Amino acid sequence: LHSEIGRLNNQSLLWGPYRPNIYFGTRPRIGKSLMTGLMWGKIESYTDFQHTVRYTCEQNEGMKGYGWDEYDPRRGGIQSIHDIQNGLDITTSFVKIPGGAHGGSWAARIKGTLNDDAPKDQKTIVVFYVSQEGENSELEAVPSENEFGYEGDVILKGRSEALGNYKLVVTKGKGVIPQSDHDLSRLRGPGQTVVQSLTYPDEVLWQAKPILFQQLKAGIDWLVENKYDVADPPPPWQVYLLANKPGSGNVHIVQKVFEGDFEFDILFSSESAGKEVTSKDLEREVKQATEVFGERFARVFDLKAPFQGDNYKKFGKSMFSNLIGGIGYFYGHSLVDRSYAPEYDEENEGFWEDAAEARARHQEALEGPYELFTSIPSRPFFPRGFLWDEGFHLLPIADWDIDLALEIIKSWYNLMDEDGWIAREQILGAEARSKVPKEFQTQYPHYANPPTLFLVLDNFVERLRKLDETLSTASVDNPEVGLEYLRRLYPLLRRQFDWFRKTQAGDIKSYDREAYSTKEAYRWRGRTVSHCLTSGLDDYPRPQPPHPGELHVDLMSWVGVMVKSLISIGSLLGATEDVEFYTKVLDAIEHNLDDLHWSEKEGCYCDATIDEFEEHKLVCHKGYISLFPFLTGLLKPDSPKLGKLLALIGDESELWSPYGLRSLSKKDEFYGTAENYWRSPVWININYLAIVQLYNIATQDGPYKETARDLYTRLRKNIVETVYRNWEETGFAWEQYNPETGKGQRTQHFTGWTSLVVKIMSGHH
Ligand SMILES: Cc1cc(NCc2cccc(CN3C[C@H](O)[C@@H](O)[C@H](O)[C@H]3CO)n2)cc(-c2ccc[nH]2)c1
Ligand SMILES: Cc1cc(NCc2cccc(CN3C[C@H](O)[C@@H](O)[C@H](O)[C@H]3CO)n2)cc(-c2ccc[nH]2)c1
């Protein structure tokens, strides 16, 4: 039955707009298959269109905003794009239709509407780009009855082992198509829908904009060798309308040109299913998809006071939709240094110098290919998977569709190598590599990342103790399925546990350190003088200089999170010997946290080093790090140490801002210094952790109930309002919020862990 619930998920999820890197495109969860992408641009001039054309997501003064208003990966949704440069408000309605044995059929409505500043008669080029990768597959454009283009529909007929037979229809569409007077309309026609059919070697079909512009150049060079001159040049649009050449290939460019408002549909009909898909199908399924989304939101995300008003429901739907609508499918080789050079051991003072020499041998090589099905931090800036980001992404996704979140966890853990390592940044394929500077491509098998995917497993387990809607909850509804999922994954979770203990180990034994355990001590590998990228808190102040004897309370707390989950998962599977060993490790962690990381002087936890004189020092930097035992849920509700930390959290002179908890105390000597990334600003992911724990230390008998209820109430309000205000004014979720102003700053479209607020608004954790 697990395979059956499993075969039903593959089929539900196969098709999607799973190319979050571009404004709108589709691909299935198959490495080498059929991909679509939308391009458009105003043409007012002979040279402008190369600058106005839109394909891959950016965020600059020329784009007001874009995002999904509703989305569910199983059904589809509606995307709005607000393009200032091109005077357009574009709508992408996308919807799926189950049927057949090939993950079904789908359709999309592209709707463009000039804004009030657009020339009422603006000319707008729209391209629909279709490519097919694969060895024994065919795609052909049926030619048109008309002489130099198509008057009505465009029919692509194709077949693959993976998809079998399908047809892809780009419709005539409503909207004024402009005609030309000029001599040139003897050879190209007056103006019509046109199709070019090409072949390139599979590995370049992703480079749609260069492929398009190679055909626009050819057809411009062709005017110049046919004596068409500056005396009487044709209109810019006609110069940039392609010569119809429909045929068979792995690339089909379908070009329309429109005067004023316009709209056309894409209907992909799977031959495995019955009747072909129609625009009447599109309108029915979209209306239906909207009611369903509406009903599911109101149940899954019941916004509690003071946020029950419609304005907050709207904001909630935006944050949630953009988070889940970022889901992408990624396929290709990764770049990995597999030397495991001895300098990566970092066992010498000045180890950062040694590790740079090793990197400077550039031994890294492409390996794979791999697949990842994951949400992303940001479409314009980070259209790829980040390991500890996804743990936060999936908390709200799991609530909506636990079966989807478990598909994504599975996808991530299938990347785990034999030693237990998952690269913290998944850059799969050339398409992914193009958005990434050459210096950040190389992954390093000693580089860890917080294991937040365990927190999603925690929520999965608590909901286990206690048709598309049937599928979404099947792995909790049918407990035999959940168990089987956890049984298959468990050995991976354990392999990663051991990988942290082998690769990220602190040195207790070799220094003058007294502790309750000689085993439990951790140090983040990968840190430079200013940075610790592997912890996720890029520039949070750590011991200076970096040193093999450093110990990292945030790493120790994450191991803690892992063990609590391994004990819980192990108990369910009956791993009785393993559970006994976990309970010993947990115990030792609780004690060593105190014996190595607690500052009675400063009333918080701290990273440790060893002195210029070879003895253990605590290095205390009041902020997110200082609270990690608490944030990760390891302190007992009556701990005197919890009491001391709650003080710190509520202390307006240290971490309490009107807009949320500051990354670093105002009182710390590194507050607002250097790139000031994790050195003052408000981060929603850590604020989320603080809030969840406060609600927990507030819903139990104990001495901090009342204190922790005030803090929960206020921190909940401050964070939600900060993110709502900014969403009202800018239309964006942001990576961080300014602690002096509550202004969103740095990365935009951060949905992303900023979308964590939707969960914060509904409460009941
Ligand atoms: C490629 C690049 C990076 C950076 N700065 C680093 C950077 C910025 C934004 C997001 C992140 C990723 N974040 C960082 C978070 O700290 C992680 O916790 C989290 O996992 C992760 C994913 O969300 N890194 C600056 C430039 C630049 C070019 C020109 C001027 N500047 C270019
Ligand atoms: C004030 C501020 C804004 C942003 N914005 C998002 C962002 C993210 C990553 C890379 C870039 C760089 N550039 C800027 C170029 O103009 C783009 O064309 C180009 O695509 C893009 C990506 O390379 N921007 C990030 C930071 C930041 C965080 C950490 C260190 N710095 C600070």
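Quick notes on the rules
By convention in this text, residue numbers begin from 1 on each chain and track the written sequence, not necessarily the entry numbering, and residues missing coordinates are not displayed. The naming scheme follows written order: chains are lettered A onward, ligands numbered 1 onward. Hydrogens and water are ignored here; the side-chain numbers use all heavy atoms of the structure. Residues with missing side-chain atoms are left out of burial classes, side-chain pairs and their counts. For this description, a residue counts as near a given molecule or strand if any of its non-hydrogen atoms is within 4 Å of it. Counted as a polar contact is a pair of N or O atoms within 3.5 Å, where, for protein atoms, one must be capable of donating a hydrogen and the other of accepting one, and residues adjacent in sequence contribute only when both atoms are in side chains. Only rings of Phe, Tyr and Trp enter the pairing, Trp through its six-membered ring, and a pair is recorded when the two centres are within 6.5 Å. The plane angle decides the type: under 30 degrees is stacked, over 60 is edge-to-face, the rest tilted. Only DSSP runs of H or I covering at least 4 residues are called helices, and only runs of E covering at least 2 are called strands; the numbering of each starts at the N terminus. Partly exposed describes any residue whose relative accessible area lies between the buried limit of under 20% and the exposed limit of over 50%, with all areas from a 1.4 Å probe on protein chains only and scaled to the type maximum. Whether a charge sits over a ring comes down to the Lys NZ or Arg CZ being within 6 Å of the ring centre and within 35 degrees of the ring normal. Here a residue-residue contact requires only that any non-hydrogen atoms of the pair lie within 4.5 Å. Accessible areas in this description were obtained via Shrake-Rupley with a 1.4 Å probe; residue shielding takes into account the shown protein chains only. When DSSP finds two or more bridges between two strands, those strands count as paired. Note on definitions: salt bridges are taken to be side-chain nitrogens of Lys or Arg within 4 Å of carboxyl oxygens of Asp or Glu.

Its PDB header attributes the entry to X-ray crystallography and lists the resolution as 2.5000 Å.

### With respect to the site of ligand 1
By nearness alone, 15 residues border ligand 1, and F382, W388, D389, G536 and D538 come closest of all. In the model, an oxygen atom of ligand 1 is placed 2.6 Å from a nitrogen or oxygen of the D389 side chain. Take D538: an N or O atom from its side chain is 2.8 Å from an oxygen atom of ligand 1.

### Here we look at the packing of aromatic side chains
The way to describe two aromatic rings as a pair is by their centre distance and the angle between their planes. For the coordinates displayed, the defined rule picks out 45 aromatic pairs. Summarising the aromatic geometry, the rings of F49 and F213 are spaced 5.9 Å apart at their centres and angled 15° between planes, so their arrangement reads as stacked. Linking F49 in helix 2 (residues 49–52) with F213 in helix 3 (residues 208–224), this pair joins segments that are 164 residues apart in sequence. Residue class for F213 comes out buried when judged on its relative accessible area of 15%. Taken together, the ring pairs connect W388, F392, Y624, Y677, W678, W683, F750 and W753 into an aromatic cluster. Cation over ring: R523 sits above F351, and NZ or CZ is 5.4 Å from the ring centre.

### Comments concerning the side chain of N449
Note on placement: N449 falls in the loop between helix 9 (430–433) and helix 10 (453–465). On the basis of relative accessibility, which here comes to 5%, the residue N449 falls in the buried class. What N449 contacts, discounting residues up to four positions off in sequence, is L387, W388, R424, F500, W524, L533, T534 and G536.

### Description of the site of ligand 2
Taken together, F381, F382, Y677, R746 and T747 make up all the residues around ligand 2. Here a nitrogen atom of ligand 2 and a side-chain polar atom of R746 are 3.5 Å apart. Burial of ligand 2 by the protein amounts to 38% of the accessible area it has alone, namely 650 Å².

### Remarks on the pairing of strand 10 (residues 154–160)
For a regular strand, side-chain orientation follows a simple rule: the groups alternate between the two sheet faces. Burial of strand 10 is one-sided: the residues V154, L156, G158 and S160 facing one way are buried, the residues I155, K157 and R159 facing the other way are not. Bridge count for strand 9 (residues 138–141) against strand 10 is 4 bridges, and the pairing is antiparallel. Note that in strand 10 the partner of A141 across the bridge is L156. Pairing analysis gives 7 bridges linking strand 10 to strand 11 (residues 164–170), with the strands arranged antiparallel.

### Things to note about the pattern of salt bridges
Counted according to the given criterion, the structure contains 38 salt bridges. Among the ionic pairs, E285 bridges to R284, the shortest N-O distance being 4.0 Å. Take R284: its relative accessible area is 49%, and that puts it in the partly exposed class.

### Let's talk about the environment of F750
As for its placement among the helices and strands, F750 is situated in the loop between strand 26 (744–748) and helix 20 (757–762). For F750, a relative accessible area of 3% gives the class buried. The sequence separation of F750 and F732 amounts to 18 residues, and the corresponding C-alpha distance is 7.6 Å. Ignoring anything within four residues of it in the chain, the contact list for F750 reads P377, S378, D389, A733, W734, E735 and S755.

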